There are 2 protein chains.
Amino acid sequence: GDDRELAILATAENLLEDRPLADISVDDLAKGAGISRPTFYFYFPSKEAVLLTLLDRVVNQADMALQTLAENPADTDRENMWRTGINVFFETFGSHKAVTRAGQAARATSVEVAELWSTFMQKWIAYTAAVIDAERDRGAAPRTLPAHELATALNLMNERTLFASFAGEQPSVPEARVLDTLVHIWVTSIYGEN
Amino acid sequence: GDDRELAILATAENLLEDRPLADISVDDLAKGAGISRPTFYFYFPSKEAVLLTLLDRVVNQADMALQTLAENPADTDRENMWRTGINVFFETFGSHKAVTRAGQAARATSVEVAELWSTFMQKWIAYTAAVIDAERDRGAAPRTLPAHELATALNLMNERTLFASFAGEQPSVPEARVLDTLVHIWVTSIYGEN
Ligand SMILES: CC(C)(C)OC(=O)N1CCC(c2nc(-c3cccs3)no2)CC1
Ligand SMILES: CC(C)(C)OC(=O)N1CCC(c2nc(-c3cccs3)no2)CC1
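Method information in the entry identifies X-ray crystallography as the source of the structure, with 1.85 Å recorded as the resolution.

This is how it looks when you write it as structure tokens:
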């Protein structure tokens, strides 16, 4: 009943390693999962619904992980604080590169995928702006740009930059350099007077 | 002979305002251009080839404009220097939002579009890193991150952020705030010790 769904999901992720969604069929997924094609159709209406679910799981896993840090006041400098937070996304999405690649491409063809991404991007930006605001309150960061606007561009940077790196796009920041790169830009733009 | 091509190009850009490429037909474009369908096929092999050409023109227009500034040593502060350069892209792409939207989406389905974008992104990053290097040489900017890595992430920020704004994505930085936002992050990350 339920392993069947989980077997579909694993097969989908497995097969996403080697080819896009357009090159994987319901037969491909039923076959991998040890089920017939109409039995697939009991768990999912389409291969696109399988992707949506994979992406949902990865996005939520990154969100929950971020909330774990949000509840814990880890004794450290400002720089370490942002690094560990950026690291949540580096590690989560980086541990699921195929789903991330596929999920990003699916934004353009699927309003459910587009909505999903939009929802969590809104949450992550709001939390970032909440933290920049706290920093400003305590006199740790200067009152420069509107915090929500600053938080938007920085999170958009992280999206584009982390994902370009994972896919090895030309141009991209090498995966082994991306964390350091993003953290530099975050700290100097949040804390910098100029 | 040649206005016919230019009429196809104008009709394509006109029609891109109201719907995507998938909702515009060769008949749509021949019709707008005052030509028959087989006469279209003399100038372009596909609607996708019409897009590629539109994008090529917009990318080159932004590149030439950037090179005009690159040759001129405009007397001003560091902040103004980057602002006018970022402005080249804000203005060019912002004056051609439909082609930009369509051209960005076409990256995913067209290796010629993907290659085109990749080529110019490589050029623009190289020039940015060349300027950061000059700044460092003259003692204007500190030797923090590798310049080419810094330049990559900043240009990726500009890509994602400017384009999200133009399309009015949720989340996005309002178009009237995006220039100020990007310039802040560029100046603090290039010039900031921390
Ligand atoms: C200070 C704490 C740990 C609370 O927050 C952070 O350090 N953050 C908040 C969220 C930031 C974030 N990055 C991202 C994305 C990366 C890639 C695509 S979205 N989404 O949110 C990373 C830094
Ligand atoms: C200092 C000079 C004027 C030489 O350069 C700049 O100010 N630049 C270099 C190029 C930078 C750039 N932005 C972009 C993109 C914006 C949107 C998509 S690419 N490409 O290159 C903008 C700032």
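Draft legend 1. Region of the structure containing the overall build of chain A. Each helix and strand in chain A was counted, giving nine helices and zero strands. Helices (α) and strands (β) of chain A occur, in sequence order from the N terminus, as α-α-α-α-α-α-α-α-α. Along the longest, intermediate and shortest principal axes, the C-alpha atoms of chain A span 60 × 35 × 30 Å. Residues classed as buried in chain A amount to 51% of the 194 residues present. Long-range contacts, defined as pairs at least 24 residues apart, comprise 66% of the intrachain contacts of chain A with a sequence gap of at least 6. If you sum the accessible surface of chain A, you get close to 9,200 Å²; carbon and sulfur atoms cover 51% of it.

Draft legend 2. Representation of the site of ligand 2 in the model. All names here are of chain B. Around ligand 2, the surrounding shell holds 18 residues, and the nearest of these are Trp 82, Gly 85, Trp 124, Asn 155 and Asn 158. The side chain of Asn 155 places a nitrogen or oxygen atom 2.9 Å from an oxygen atom of ligand 2. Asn 158 is positioned such that a nitrogen or oxygen atom in its side chain is 3.2 Å from a nitrogen atom of ligand 2. Against a free-state accessible area of 540 Å², the protein chains account for coverage of 97% of ligand 2. Those elements giving two or more residues to the shell around ligand 2 turn out to be α5 (78-94), α7 (111-137) and α8 (147-166).

Draft legend 3. Representation of the relation of the copies chain B and chain A in the model. With an RMSD of 0.0 Å, the fit of chain B onto chain A corresponds to turning through 180° and sliding 0.0 Å along the axis. As the rotation angle and translation indicate, the two copies are arranged about a two-fold axis. For chain B, the residue whose C-alpha comes nearest the rotation axis is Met 157 of chain B, separated from it by 2.1 Å. Mapped onto chain A, 100% of the interface residues of chain B again fall at the interface, so both copies present the same surface.

Draft legend 4. Region of interest: the packing of helix α1 (residues 3-16) of chain A against helix α2 (residues 26-33) of chain A. All names here are of chain A. Following both chains from N to C, one finds α1 and α2 inclined at 120°, their axes separated by 8 Å at the closest point. Taken together, the axes of α1 and α2 lie oblique to each other. Crossing hand, α1 versus α2: right-handed. Contact with α1, carried on its side by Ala 7, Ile 8, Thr 11, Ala 12 and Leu 15, involves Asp 28, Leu 29, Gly 32 and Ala 33 of α2 and no other residues of that element. Along the lines of polarity and charge, the residues of the contact of α1 with α2 split into six nonpolar, two polar and one charged.

Draft legend 5. Highlighting the packing of aromatic side chains. This model, assessed by the stated rule, comprises 28 aromatic pairs over all chains. Here the aromatic rings of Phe 93 of chain A and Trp 124 of chain A are separated by 6.5 Å at their centres, their planes lie at 80°, and the arrangement is edge-to-face. Of this pair, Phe 93 of chain A sits in helix α5 (residues 78-94) while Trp 124 of chain A sits in helix α7 (residues 111-137); the two residues are 31 residues apart in sequence, bridging distant segments of the chain. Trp 124 of chain A carries the same exposure label as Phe 93 of chain A, and that label is buried. Aromatic pair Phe 40 of chain B and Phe 44 of chain B: ring centres 6.1 Å apart, planes at 40°, arrangement tilted. A relative accessible area of 0% means that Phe 40 of chain B is categorised as buried. Put simply, the rings of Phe 89, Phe 90, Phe 93, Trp 117, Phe 120, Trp 124, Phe 163 and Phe 166 of chain A pair up and form one aromatic cluster. Directly above the ring of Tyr 191 of chain B sits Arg 78 of chain B, whose terminal nitrogen or CZ lies 4.3 Å from the centroid. Taking NZ or CZ as reference, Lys 97 of chain B lies 4.6 Å from the ring centre of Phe 166 of chain B, over its face.

Calculation notes
Residues numbered from 1 in each chain as written, not as in the entry; some residues may be left out. Chains lettered and ligands numbered in written order. Heavy atoms only, no water. Helix = DSSP H or I, 4+ residues; strand = E, 2+ residues; numbered from the N terminus. Buried < 20%, exposed > 50% of the residue type's maximum accessible area, 1.4 Å probe, protein only. Contact = heavy atoms within 4.5 Å. Areas by Shrake-Rupley, 256 points an atom, 1.4 Å probe, with all protein chains shown as cover. Near = heavy atom within 4 Å. Polar contact = N/O pair within 3.5 Å; in protein donor to acceptor, adjacent residues only side chain to side chain. Least-squares fit on C-alpha atoms. Axes fitted to C-alpha atoms, helices over the stretch in contact; angles between N-to-C directions. Parallel < 35°, antiparallel > 145°, perpendicular 65-115°, else oblique. Left-handed = near helix turned anticlockwise from the far one by under 90°. Nonpolar A, V, L, I, M, F, W, Y, C, P; charged D, E, K, R; others polar. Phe/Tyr/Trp six-rings, centres within 6.5 Å; stacked < 30°, edge-to-face > 60°. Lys NZ or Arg CZ within 6 Å of the ring centre and 35° of its normal.

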